[PDB]
Structures are given as C-alpha cells and as structure tokens.
Amino acid sequence: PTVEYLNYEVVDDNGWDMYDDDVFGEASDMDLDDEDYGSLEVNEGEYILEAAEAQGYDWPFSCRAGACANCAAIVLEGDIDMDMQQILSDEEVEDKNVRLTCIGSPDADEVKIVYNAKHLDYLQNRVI
Amino acid sequence: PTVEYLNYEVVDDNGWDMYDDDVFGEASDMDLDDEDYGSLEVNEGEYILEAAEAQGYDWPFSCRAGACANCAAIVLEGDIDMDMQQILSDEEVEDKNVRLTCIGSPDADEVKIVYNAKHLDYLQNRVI
Amino acid sequence: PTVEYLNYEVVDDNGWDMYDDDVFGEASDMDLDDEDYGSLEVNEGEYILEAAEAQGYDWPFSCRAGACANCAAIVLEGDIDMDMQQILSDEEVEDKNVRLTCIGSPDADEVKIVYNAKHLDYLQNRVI
Amino acid sequence: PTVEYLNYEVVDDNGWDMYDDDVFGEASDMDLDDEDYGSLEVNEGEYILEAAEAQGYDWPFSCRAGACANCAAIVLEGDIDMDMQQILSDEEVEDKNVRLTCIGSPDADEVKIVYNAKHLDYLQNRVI
Amino acid sequence: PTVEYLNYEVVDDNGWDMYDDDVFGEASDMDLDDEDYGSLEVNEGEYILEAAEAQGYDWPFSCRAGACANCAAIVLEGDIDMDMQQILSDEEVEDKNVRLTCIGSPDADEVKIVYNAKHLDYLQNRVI
Amino acid sequence: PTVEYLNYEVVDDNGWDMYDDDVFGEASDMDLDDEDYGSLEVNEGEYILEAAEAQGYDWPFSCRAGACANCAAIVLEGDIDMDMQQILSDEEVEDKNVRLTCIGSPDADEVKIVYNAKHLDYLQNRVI
C-alpha cells in the first residue's frame, strides 16, 4: 500500500483543520523534511511505524504495545487495521479516526494519515 | 466480559439460521456439553480461544496467527476486537460478522457467538 | 485487580523505609501527581506497566523484555506474576520482592507496590 | 541446565508415586525410548518443550500459550521459571509443583521432571 | 514475492532428485491439488507457511517456533530469510538449503521450494 | 558463546579501520568502561542486546524490531544469527557484516563485534 503522511505539527502550526484544509496539497508545496510529509510504501501486514523507521523516520512511539497514544495518527483516507487495543474508545476509532501506528498496518491500497496526532488535546491524557 | 457461545454444528444439525432462530435459547433447553453451549468470562485483552481452553474447551484452531479460518466464529451480539489479519475481507468482518477467536478478545461487556463457524461454506476455502 | 503504587523517589526523599513507614498512608496525605501515587486497575494477564501507560503514566522502562531492572518495583502486598526472566536472583524475587513491571501482571486481588525501584542501589548495576 | 525427564505414563503404568518411588532410577533400568526417559540440555531462557522438540521429542502441547494444561510436568528437583499464566492455582504451582513446559525454562542447574502430567486427574479439567 | 512450491511426497513417489530432475516442470504437467504444486504470492516479511495457510493449504508444522523440522522445505531458487533458529546446522542451511517455512519469509523476488521436506531422512531425527 | 565487543566510537576516535587495526587488542590496553569494551557471555538463542542490557550496558536501540539500524554492529569474527529483517541488504549482511543486535544471537562459540555501528555513514540513513 501507499500511506501518504503529514506530521500533525505542520497542521497545528498552520491553524489547518484536517477535514477543511488541503493539508496534503499544501504540505507538498512547502519544503518539509521527508519524515514530515511524503508517501510511504507499506506492505499489508507491515506496521506503519516500522515502515517509517526503516526509511529512517523517527516517528513518535513509546510503548509499541497499543497501551499509549504516542504513536497515534488520524487516518483521513483508506483505513489502518490495528492489533487489539483497549486504549482508544469506539468513538475515537470509528468517528475520530485515531489509529495507533505502532500496531497498525494499511487496510486499503491508498491510505492518507496525519501522524504525530499525540498532540491532539483529547489524546494528551494517554501520551507518555 | 461474558461471551455466550454456541457450537456451529448444533445450528447446522438443527437447520437453524443464526439470525432467525432462537439459537441460544433453544440450545440452553438441550443438554449440550459445556464446550458446546454456555457463557465464558473473558477479560478485555484476553483471547477468546485461550479463555475457552483454560476451561478445558477444545475449540478449533490451527495456526493461532490470523492466517486461517479454523478458529472463526460469528459474533451475533456485542463485538470482538481482533489483531491485524488479512485473511477475512471487509465484508466478512462488517457484514458477515466473522471474527477469528485465536486472535480476538471481547470488545463489549456482553458478546454472543456461534463458534466453530469454520464449517460455513464461504470459509471452507481457508480452513486448514 | 487493584495495584496501589508509590513512586520510589517519594520514599527516598522522605528517608522512609518501605517496611517500617506508612508509605502509602503518608503519600495519600501529600498532593502527588497521580502517576506518583494512586491505585491502578489492572486485569489478570495485563502488564502493570502497560496499565500505567494507558492512564498516561510514564513509569520507567527501557527494554520491555525482562533483561534490565529499569521497570523494577518492590511488591509490598499481594503478588505480581512475571514472564521468565534471568536478570533478578531468587533472593531478589523471594526475599527482596523485586518484580519487573514491564513483564508482570497482578497475581492477587489487591497488590501494593513501590515502583521506580530502579533507584535502589543493589539494582543500579542492571539499570540502563 | 540439565532436565532429567520421565513420561508420566511410565509412572502411571507402574503404580509408582512420584515422591515415594525411585522413578528416575527405575526408568533408567528399563529400555524406554529416549523421549520417555532421559536428560535434556536446556539453556536458561529456552523453553523446555522446544528443547525436547529440537531432539525430535514430541512431548504434549496444544495451545503453547499457558492457557491449558496439556504441556504440564511436575518438577521433582530444581525449578522451572514460567511466563505469566492464570490457569494453574498458587497451590498447584507451590505445593503440587505443576509447571507448563511450553512456557517454562529451567531455573536451576539441575532439574528433574515427570512430563506428560496432563494425565493427572486434577489437571484433566484443563486438558484440551 | 512468488514462491513456486512442490510437495516433497511427489518428488519421493517419482524417484526424482530435486537437482537433476525437472521437478517443477513435471509436476505442472500432472494434476496435483493446488496445495501440492503451484505458486504462492508471499509478501516480504510474511511467513511462507502462513501465506500457504491463508490459501487453505495445510502445509506441515508442529511447533511454529524454529524448534523442529516439520515445516522444513528445501529452497531450489532464490532464498528464504528465517528467524533465529538453532535446530538446523550451518551445512543444512548453506549447503543442503533447508529453510523452516513457519519462521521464514521470501528473501528474493522469485523463490522455488520443495516443501514437506520433513520426509528427508537426515531431518527425520527432528520431526515431531 | 562469548561475544567480545568494542564500541564503534573508540574505533572512530582513533581513526582505526576495523579490518587493518588491532582494534580489540588496542582497546584492551586503554581503560574503557566495561560497556565500551569487554567480552559478554551470551546463550545461543539469547539476543546480544538483551545480554548487554542485563550487564547494565546501555547499548543503542530504538525499535527492537529489525526495522532500523540503531542497534547495528559489525561482526569481525564468528557469526550472529538474526530474526527476519528487510532493512539491511544482502551486501550489508554478507560483505559488510552488519548484524542487528536487538534481534540477533551468537551463531558461533566465539564472536567479536564492533557495536554502536549506527555511526557508520552508510547506515545513517536508517538510524532513528
């Protein structure tokens, strides 16, 4: 699969809303470092965080076990299949689109995420 | 959580349909062995197959890795959270309600399943 | 289970001895942050460190594999069941009550620990 | 470590009691197959079942996850360190000396077990 | 990757030698069941046994942990990357081309194996 | 096994070449801290990084999953058997002798490594 990704700090510095602004289009016209914006090839069954790390991208994580929110990302297009986790609520998964990249792989041919979503205020209570 | 379970072979011997017949009510009036019908306490985060095995229930499995259909169950009420798996399609998960018990835990306080769902014909192609 | 916990740095700043002082009673009259003193609900089979992290508590760890002492805690009441580990001696487990929280779950309904026990001098040689 | 082992079916066929009879001495004068009596070299940290399997010994197991009793053994001398497990009670571990070989390694230089202890009647309720 | 595979029992029934006979060409002119001869798509990082099982192929395995020889295959073209294992010798890996399919993934775009190689006499001592 | 190890920063500060200089002999005449030069006993099947950490050596790592280069070491004598990994090329493994210590164990009775090899320029692109 292809996961296009945008570091949440770029969304936050610009005052963008990940559903009203053309976050991926506008970050492609900037000159962000590759770990902050780009597209990543990720096999089905391959963890997104580990595909990012194998490109040398030091995306956030702490536990690597679905027991924190440090690796959270928001999926804007496509889907990410996760291992079992009890930290995110059903509403955070189904409506807020929070996925944990340490334990999630692409579930669609094309996925688009805003990673580093640990800075979202509702997730700050599970960030270690 | 409590997972009430019914072995699919009882549904199949009786010609029941798991959505039109009172499968759990009618199996409670029979005298099935406890591994074939009952309710199981399963912790959040605890695999349903392993909670069944720790009661001495030898529910079906082969791979234990989300790479076959031998541990499939159909969830009729509540939900089961699974580890990442590529063997079941989105339609099998979202519409047919197939969950793999070797890698799935209860995702709700009350869950009801028809286990041993590996005998369903559409899953016979992934049964090893 | 319920694990009541006290960060070892509070015991050490106060010159308390974890077996002569009323360490939990006295920390309950202070105004410590919740990660430093409180009670945690932890399922049987659930790692104590991961239950702490899912509350947003950034308790110490490095390896997460029972190969260091950074996640050590001293269990004062109840018990913690650990995965296999060769780093702690029998005397450290049976007499000094050292448990590794990254690989240990509650083994009793009520457990009381002094976590962050990596600062104990006899464990400083295995702290990374 | 060295784990000397005796298949429980030899103890049971002979009417021996694993604490009054010279079970290892008497099985050494028989002509059992090597998987039924012998001594096994097992590294610290190496699972006893997997050291037996790498000698081609097909010792019993089902789940390999500490969720059944099929791999049980009784440790008569030395000790076996296990991963976390909730299936055995404290009394079964501390007084009856039940260890699960799929998730246990030697915890002493010399260990002696009676494997295939799944045939003990008090464990028959967790045998799958 | 593509792994073309041939069940070793076909090689053995025909008196073929996996290095002098056109084992894959000749099995393609037979009418073997798909689990006995075919080509399998296997992701890098995906275990060959689990890719076979997800096609419903019940290829041999016992331990799934690199502690037996039941899942052995001989790689004739390309390579399979394995997890750490101590059961096979260097000569069995480098010269006899034995790979354990439960813990090995394709290491080349095109791989060709003769699976079910547990029937080879030199591996019979580690078959459980 | 015995793994003799030398921190790559000592090789780099001295302008040594790990194949022309007597890197281990010359570091033995210095007064490096034990984590920077010494010999480590590591069981077959035991990860080298975890054997180092259990001596209190805080050797580099990030992912612990074979998805980065932070734990790289160069093996100068003997060999290290690794779990499956897709981050290193065949040439990096076979010719440059790069091994990932988080997922590698000794594959020979005597092994000699230059750890902390993440500072090598060709590996800097996979260092997180």
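Annotations for the structure displayed:
Should a chain be cited, it is by its letter among A, B, C, D, E and F, assigned in written order, with residues numbered from 1 in that chain.
Everything below uses one rule, namely that a residue touches a chain if its C-beta (ideal position, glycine included) is under 8 Å from a C-beta of that chain, and two chains touch if they have at least 3 such contacts.
Should one ask which of D-F and A-C has more C-beta pairs in contact, the pair is A-C. Our note on geometry: subunit B versus subunit D, Cα centroid distance of 32 Å, whole angstroms. Annotation: 47 Å between the Cα-based centres of subunit C and subunit E. Inter-chain centre distance (subunit B to subunit C, centres taken as mean C-alpha positions): 37 Å. The set of subunit E residues that touch two or more partner chains comprises 44-45, 64, 86. Chain contact topology: the protein chains form a pattern that is neither a line, a ring, a star nor a complete graph. Taken in their complex, subunit C has these residues touching subunit F: 62-65, 67-68, 86-87, 124-128.
Every residue of subunit C that touches subunit D in the complex is listed here, in rising order: 44-45, 81-86, 90, 103-105, 107. Of all the residues in subunit A, the ones that touch subunit E in their complex are 43-46.
Taken together, the subunit D residues at the contact with subunit E in this complex read 47, 49-51, 53-58, 64.
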